[PDB]
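Contents: one structure, followed by commentary.
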Amino acid sequence: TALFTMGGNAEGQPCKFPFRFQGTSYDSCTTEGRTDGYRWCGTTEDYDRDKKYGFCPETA
């Protein structure tokens with residue numbers, strides 16, 4: 001699927017790859033920090049700085 005926020009908080013922006021989080025670069029959906037089942041993506045170059053994200057497809 002393509003990436004949309006759809007639950008996400010990043011002002012309607014689609015996922016940004018590669019996004020930096022925990023000083024580590026991610027080019028795919030992560031589950032770090034979510035114990036609710038959902039997988040998220042950063043929506044900027046650096047998530048650590050910005051703190052705006054989107055949702056990603058679970059079971060991927």
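Close amide H contacts of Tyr53 (hydrogens built in the peptide plane, cut-off under 5 Å, sequence separation of 5 or more or a different chain): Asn9, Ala10. Taking a Cβ cut-off of under 13 Å around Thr5, the surrounding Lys, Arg, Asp and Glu residues balance to a net charge of +1, with basic ones at +1 and acidic ones at -1. With only Cα atoms counted, the chain has Rg and Dmax values of 10.1, 27 Å.
Read-outs: derived from the displayed coordinates by stated rules, not from any lab. For neighbour counting, all protein chains shown are included, and Cβ atoms are generated from backbone atoms with ideal geometry for every residue, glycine included.
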